[PDB]
Each structure stands twice: as structure tokens, then as C-alpha cells.
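Novice: Structure: target-v8.txt, compact mmCIF, C-alpha atoms.
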# COMPACT_ATOMS: atom_id res chain seq x y z
CA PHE A 1 -13.80 -23.13 13.51
CA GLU A 2 -12.67 -23.90 9.96
CA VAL A 3 -14.16 -20.65 8.65
CA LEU A 4 -12.27 -19.10 11.57
CA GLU A 5 -9.00 -20.69 10.38
CA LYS A 6 -9.47 -19.11 6.94
CA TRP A 7 -10.73 -15.61 7.75
CA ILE A 8 -8.02 -14.66 10.22
CA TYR A 9 -4.89 -15.95 8.45
CA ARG A 10 -6.13 -14.75 5.01
CA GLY A 11 -8.91 -12.37 4.01
CA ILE A 12 -11.53 -14.84 2.78
CA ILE A 13 -14.39 -16.79 4.33
CA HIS A 14 -15.94 -20.06 3.23
CA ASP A 15 -19.36 -20.77 4.74
CA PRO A 16 -21.88 -22.55 2.44
CA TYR A 17 -24.65 -21.06 4.58
CA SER A 18 -23.86 -17.71 6.17
CA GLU A 19 -23.57 -18.27 9.92
CA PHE A 20 -20.22 -16.69 10.62
CA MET A 21 -20.06 -13.44 12.58
CA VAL A 22 -18.16 -11.57 9.86
CA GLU A 23 -19.81 -11.14 6.48
CA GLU A 24 -18.12 -9.37 3.59
CA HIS A 25 -19.98 -6.96 1.36
CA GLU A 26 -19.12 -5.91 -2.16
CA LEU A 27 -18.71 -2.19 -2.76
CA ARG A 28 -16.35 -2.28 -5.76
CA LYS A 29 -19.03 -2.14 -8.50
CA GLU A 30 -19.08 -0.14 -11.73
CA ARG A 31 -21.42 2.50 -10.25
CA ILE A 32 -19.73 2.50 -6.82
CA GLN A 33 -16.40 4.34 -6.99
CA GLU A 34 -13.33 4.43 -4.81
CA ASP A 35 -14.37 7.97 -3.75
CA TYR A 36 -17.98 6.93 -3.02
CA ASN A 37 -17.48 4.10 -0.49
CA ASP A 38 -14.96 6.34 1.06
CA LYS A 39 -13.35 4.44 3.94
CA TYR A 40 -14.07 0.74 4.08
CA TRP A 41 -14.37 0.46 7.88
CA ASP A 42 -17.62 2.44 7.92
CA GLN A 43 -19.69 0.64 5.23
CA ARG A 44 -17.98 -2.31 3.55
CA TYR A 45 -17.40 -4.53 6.58
CA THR A 46 -20.17 -4.75 9.16
CA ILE A 47 -20.51 -7.07 12.14
CA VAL A 48 -23.66 -9.19 12.30
CA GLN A 49 -24.69 -9.24 15.93
CA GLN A 50 -26.66 -12.47 16.38
CA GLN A 51 -24.30 -14.74 14.44
CA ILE A 52 -21.73 -14.03 17.16
CA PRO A 53 -21.48 -17.07 19.49
CA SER A 54 -21.15 -14.53 22.42
CA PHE A 55 -18.05 -16.20 23.87
CA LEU A 56 -16.08 -14.58 21.05
CA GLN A 57 -17.64 -11.25 22.05
CA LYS A 58 -14.57 -10.08 24.01
CA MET A 59 -12.57 -10.16 20.75
CA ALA A 60 -15.58 -9.68 18.43
CA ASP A 61 -14.79 -6.22 17.00
CA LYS A 62 -11.15 -7.26 16.65
CA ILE A 63 -12.06 -10.35 14.59
CA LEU A 64 -13.54 -8.06 11.96
CA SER A 65 -10.38 -5.97 11.68
CA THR A 66 -7.91 -8.90 11.42
CA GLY A 67 -8.81 -10.18 7.98
CA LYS A 68 -9.84 -6.70 6.90
CA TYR A 69 -6.28 -5.39 7.12
CA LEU A 70 -5.05 -8.56 5.43
CA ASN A 71 -7.40 -8.35 2.47
CA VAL A 72 -6.15 -5.06 0.98
CA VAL A 73 -2.66 -6.57 0.95
CA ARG A 74 -3.99 -9.73 -0.72
CA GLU A 75 -5.35 -7.81 -3.71
CA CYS A 76 -1.79 -7.10 -4.82
CA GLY A 77 -0.22 -10.40 -3.74
CA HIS A 78 -2.28 -13.15 -2.14
CA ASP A 79 0.52 -14.66 -0.04
CA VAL A 80 -0.27 -13.35 3.44
CA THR A 81 1.35 -16.33 5.20
CA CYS A 82 1.82 -15.78 8.94
CA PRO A 83 3.93 -17.77 11.44
CA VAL A 84 0.92 -17.64 13.80
CA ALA A 85 -1.27 -19.84 11.59
CA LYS A 86 -2.55 -22.74 13.68
CA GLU A 87 -5.62 -24.94 14.03
CA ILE A 88 -8.19 -23.30 16.31
CA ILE A 89 -10.25 -25.52 18.59
CA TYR A 90 -12.85 -24.22 21.03
CA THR A 91 -11.75 -24.73 24.62
CA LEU A 92 -13.84 -23.97 27.69
CA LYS A 93 -11.92 -23.92 31.04
CA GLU A 94 -9.14 -22.33 28.96
CA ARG A 95 -8.66 -19.09 27.01
CA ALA A 96 -6.45 -20.19 24.15
CA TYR A 97 -8.97 -19.01 21.55
CA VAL A 98 -8.20 -15.55 22.92
CA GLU A 99 -4.41 -15.84 22.54
CA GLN A 100 -4.37 -16.94 18.88
CA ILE A 101 -6.81 -14.20 17.82
CA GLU A 102 -4.76 -11.39 19.39
CA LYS A 103 -1.56 -13.03 18.09
CA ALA A 104 -2.86 -12.72 14.53
CA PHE A 105 -4.53 -9.36 15.25
CA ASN A 106 -1.29 -7.54 16.04
CA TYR A 107 0.69 -9.16 13.19
CA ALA A 108 -1.99 -8.20 10.65
CA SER A 109 -1.77 -4.47 11.37
CA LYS A 110 2.04 -4.66 11.58
CA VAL A 111 2.18 -6.19 8.08
CA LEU A 112 -0.30 -3.67 6.63
CA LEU A 113 1.57 -0.70 8.13
CA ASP A 114 4.95 -1.98 6.92
CA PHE A 115 3.43 -2.46 3.46
CA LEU A 116 1.63 0.89 3.46
CA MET A 117 4.41 3.15 4.76
CA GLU A 118 6.88 1.71 2.22
CA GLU A 119 4.74 1.14 -0.87
CA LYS A 120 2.14 3.94 -1.35
CA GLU A 121 3.83 6.02 1.38
CA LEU A 122 1.84 8.44 3.53
CA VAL A 123 4.76 10.88 3.93
CA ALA A 124 4.79 12.34 0.40
CA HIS A 125 1.11 13.21 -0.05
CA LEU A 126 0.88 14.83 3.40
CA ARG A 127 3.98 16.93 2.74
CA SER A 128 2.34 17.96 -0.54
CA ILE A 129 -0.89 18.85 1.32
CA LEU B 1 -30.39 -55.90 17.95
CA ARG B 2 -33.95 -54.73 18.48
CA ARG B 3 -33.97 -55.68 14.77
CA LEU B 4 -30.75 -53.86 13.82
CA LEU B 5 -31.63 -50.21 14.43
CA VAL B 6 -28.00 -49.38 15.27
CA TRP B 7 -27.09 -50.87 11.86
CA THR B 8 -29.16 -48.25 10.11
CA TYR B 9 -27.11 -45.33 11.45
CA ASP B 10 -23.82 -46.76 10.22
CA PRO B 11 -25.49 -47.32 6.83
CA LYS B 12 -28.49 -45.23 5.64
CA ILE B 13 -26.24 -42.17 6.03
CA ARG B 14 -23.58 -43.29 3.56
CA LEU B 15 -26.37 -44.50 1.26
CA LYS B 16 -28.32 -41.30 1.90
CA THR B 17 -25.29 -39.26 0.88
CA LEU B 18 -24.74 -41.39 -2.22
CA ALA B 19 -28.43 -41.01 -3.09
CA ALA B 20 -27.96 -37.21 -3.20
CA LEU B 21 -25.12 -37.28 -5.73
CA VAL B 22 -27.25 -39.80 -7.66
CA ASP B 23 -30.19 -37.38 -7.45
CA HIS B 24 -28.52 -34.00 -8.06
CA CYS B 25 -26.64 -35.01 -11.21
CA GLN B 26 -28.59 -35.05 -14.47
CA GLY B 27 -26.58 -35.66 -17.64
CA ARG B 28 -23.58 -33.64 -16.45
CA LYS B 29 -20.22 -33.94 -18.19
CA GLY B 30 -17.02 -32.01 -17.69
CA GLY B 31 -16.60 -29.15 -15.23
CA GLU B 32 -20.27 -28.94 -14.21
CA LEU B 33 -19.97 -32.50 -12.87
CA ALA B 34 -17.02 -31.61 -10.62
CA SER B 35 -19.21 -28.74 -9.47
CA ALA B 36 -21.83 -31.33 -8.49
CA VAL B 37 -19.54 -33.44 -6.33
CA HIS B 38 -18.48 -30.05 -4.96
CA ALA B 39 -22.16 -29.29 -4.33
CA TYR B 40 -22.25 -31.64 -1.32
CA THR B 41 -18.68 -31.22 -0.06
CA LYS B 42 -19.45 -28.36 2.35
CA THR B 43 -21.40 -30.09 5.13
CA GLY B 44 -21.21 -29.60 8.89
CA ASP B 45 -20.99 -33.30 9.95
CA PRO B 46 -17.43 -34.67 9.47
CA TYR B 47 -18.95 -38.06 8.55
CA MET B 48 -20.51 -37.01 5.23
CA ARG B 49 -17.73 -34.48 4.78
CA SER B 50 -15.09 -37.21 5.00
CA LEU B 51 -16.77 -39.40 2.40
CA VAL B 52 -16.87 -36.82 -0.41
CA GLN B 53 -13.46 -35.31 0.43
CA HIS B 54 -12.24 -38.55 -1.18
CA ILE B 55 -14.80 -38.76 -3.99
CA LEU B 56 -13.76 -35.31 -5.24
CA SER B 57 -10.08 -36.28 -5.32
CA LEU B 58 -11.06 -39.34 -7.34
CA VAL B 59 -13.34 -37.62 -9.85
CA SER B 60 -11.06 -34.67 -10.58
CA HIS B 61 -8.31 -36.73 -12.21
Take the structure in this file and express it as C-alpha cells.
Specialist:
Amino acid sequence: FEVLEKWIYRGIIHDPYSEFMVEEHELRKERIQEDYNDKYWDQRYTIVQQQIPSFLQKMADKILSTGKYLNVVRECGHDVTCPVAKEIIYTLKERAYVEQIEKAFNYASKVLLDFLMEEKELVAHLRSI
Amino acid sequence: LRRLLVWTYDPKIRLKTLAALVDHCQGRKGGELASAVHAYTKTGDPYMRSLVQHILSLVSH
């Protein structure tokens, strides 16, 4: 739950031994191009099934997307500070580790869309198509 | 205390941690030495984690 507090509010993980559900892969090599990995949801980020604790399963897919949106904003500027950043503690008898994950999960896509529709706009290229 | 077997779990874990930093290092100087205190900083138990979270802050002055 400290690798969880990094991956969801930023786009990085820190596990000395890989036991987290999300694992990043590198597909930015010299022989791998930007037009050869084409969209990074289908190859670059996978979900490892058996490192999921299975009580995060209800949000499991979503946990992959959260830091994945945030990371392609971080490569320009690494400040992806969120007002929803908070210490996450496992609670059973309560679902508060559901609320924080969805709270970050909506804000992440909002920030990436506001960045993407303003800088590197999708209106101009589609009009030109 | 059945010959002090509770007083080998308050020590013998500190000393075991400080016998790893005294085993892993071998003639290191400079930045590869602050990568050796860093070598045992990422541990699951908060006990050994909380000892070297202070040792790093000391050594990196």
C-alpha cells in the first residue's frame, strides 16, 4: 500500500521485488518505433493476474488505467499533483479503498483530456483527414 | 526469562541488519556506498525499514 500510493498519484512504481498487480513494460527502444507499438493500451501495459490480491479485483482493470493516463503527461512535465492524494490503508468492514481509487481514476482522465484537447489538439488533424 | 529468548527478538534483528551492511560493503567509497545503504532500504518489515531510513539520511551528508 506504499507502491499503491505512488502508482496512482503519479505514473511510477517502486517495488524491490515485483509483487504489485501492475507491471510496466518498456516499448520505447531504438528498434521499437512509435508506429510499431501502436497504441499503448494493447501491448505496453498488461495486468498480471495472480499478483492481484483479489479484493482489489472490482477496481483491478481501472487501477491499470489510472497511472497509465498520468504517465504520458509526466513525460513532458512530471508534476501531476492531485488534490486526491492521500495515504491508503486496507480496511475490511469498509470500502474506502474503493472510493480513493475511483476518485483518482476520474481525475486522471480529466487531466489527460484537458491536456490533450488543448496541447496536441485532436480537432485539427481530423479536419485535415 | 526462559533464558532471555524474548531479548533476542528485540536485538538479533538490529544486529542482523547491521551485519548485512557490514557484509555487503567491500571497499566502497563515494556514490556506490550510498547505493549500498540504499541496497537494504526497501524491506517489507517497518522495523528494519525504520532503522536504515535514518542511516541513509546520516550517510548522505
Novice: Using only C-alpha atoms, what does the table of chain A residues within 12 Å of chain B look like, with each row giving the shortest atom pair and its distance in Å to one decimal, sorted by chain and ascending number, as JSON lines?
Specialist:
{"residue": "A:1", "atom": "CA", "partner": "B:44", "partner_atom": "CA", "distance": 10.9}
{"residue": "A:2", "atom": "CA", "partner": "B:44", "partner_atom": "CA", "distance": 10.3}
{"residue": "A:3", "atom": "CA", "partner": "B:42", "partner_atom": "CA", "distance": 11.3}
{"residue": "A:14", "atom": "CA", "partner": "B:42", "partner_atom": "CA", "distance": 9.1}
{"residue": "A:15", "atom": "CA", "partner": "B:42", "partner_atom": "CA", "distance": 8.0}
{"residue": "A:16", "atom": "CA", "partner": "B:42", "partner_atom": "CA", "distance": 6.3}
{"residue": "A:17", "atom": "CA", "partner": "B:42", "partner_atom": "CA", "distance": 9.2}
{"residue": "A:19", "atom": "CA", "partner": "B:44", "partner_atom": "CA", "distance": 11.6}
Novice: Which residue is closest to residue A:113? Choose from A:59, A:32, A:70, A:46 and count only C-alpha atoms.
Specialist: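 Of A:59, A:32, A:70, A:46, the one nearest residue A:113 is A:70, counting only C-alpha atoms.
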Novice: So that I can check the surroundings of residue A:47, please list as a ChimeraX atom specification every protein, DNA and RNA residue that reaches within 12 Å of it, counting all atoms listed in the file and ignoring chain neighbours fewer than 3 positions away.
Specialist: /A:19-25,41-44,50-52,57,60-65,68
Novice: Using Å and a single decimal, report how far atom CA of residue A:121 sits from atom CA of residue A:67.
Specialist: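 Answer for the atom CA of residue A:67 to atom CA of residue A:121 separation: 21.6 Å.
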Novice: Is there a way to get, as a PyMOL selection string, all residues within 10 Å of the point (-22.8, -39.2, 7.1) in file coordinates, counting all atoms listed in the file?
Specialist: chain B and resi 9-18+43-52
Novice: Could you work out how far atom CA of residue A:80 lies from atom CA of residue A:109, giving the answer in Å with one decimal?
Specialist: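 Value for the atom CA of residue A:109-atom CA of residue A:80 distance: 12.0 Å.
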Novice: Can you tell me how far atom CA of residue A:110 sits from atom CA of residue A:74, in Å to one decimal?
Specialist: 14.6 Å
Novice: Which residues come within 10 Å of stretch 22-37 of chain B, counting all atoms listed in the file, excluding same-chain residues fewer than 6 positions away, as a PDB file with C-alpha atoms, keeping the file's coordinate frame?
Specialist:
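After the write, selection34.pdb holds the following:
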ATOM      1  CA  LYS B  16     -28.320 -41.300   1.900  1.00  0.00           C
ATOM      2  CA  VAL B  52     -16.870 -36.820  -0.410  1.00  0.00           C
ATOM      3  CA  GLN B  53     -13.460 -35.310   0.430  1.00  0.00           C
ATOM      4  CA  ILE B  55     -14.800 -38.760  -3.990  1.00  0.00           C
ATOM      5  CA  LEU B  56     -13.760 -35.310  -5.240  1.00  0.00           C
ATOM      6  CA  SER B  57     -10.080 -36.280  -5.320  1.00  0.00           C
ATOM      7  CA  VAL B  59     -13.340 -37.620  -9.850  1.00  0.00           C
ATOM      8  CA  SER B  60     -11.060 -34.670 -10.580  1.00  0.00           C
TER       9      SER B  60
END
Novice: Find the residues near residue A:95: any atom within 12 Å, counting all atoms listed in the file, skip ones fewer than 4 places away on the same chain, and give them as a PDB file with C-alpha atoms, keeping the file's coordinate frame.
Specialist:
ATOM      1  CA  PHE A  55     -18.050 -16.200  23.870  1.00  0.00           C
ATOM      2  CA  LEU A  56     -16.080 -14.580  21.050  1.00  0.00           C
ATOM      3  CA  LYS A  58     -14.570 -10.080  24.010  1.00  0.00           C
ATOM      4  CA  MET A  59     -12.570 -10.160  20.750  1.00  0.00           C
ATOM      5  CA  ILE A  88      -8.190 -23.300  16.310  1.00  0.00           C
ATOM      6  CA  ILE A  89     -10.250 -25.520  18.590  1.00  0.00           C
ATOM      7  CA  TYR A  90     -12.850 -24.220  21.030  1.00  0.00           C
ATOM      8  CA  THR A  91     -11.750 -24.730  24.620  1.00  0.00           C
ATOM      9  CA  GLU A  99      -4.410 -15.840  22.540  1.00  0.00           C
ATOM     10  CA  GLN A 100      -4.370 -16.940  18.880  1.00  0.00           C
ATOM     11  CA  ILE A 101      -6.810 -14.200  17.820  1.00  0.00           C
ATOM     12  CA  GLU A 102      -4.760 -11.390  19.390  1.00  0.00           C
TER      13      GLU A 102
END
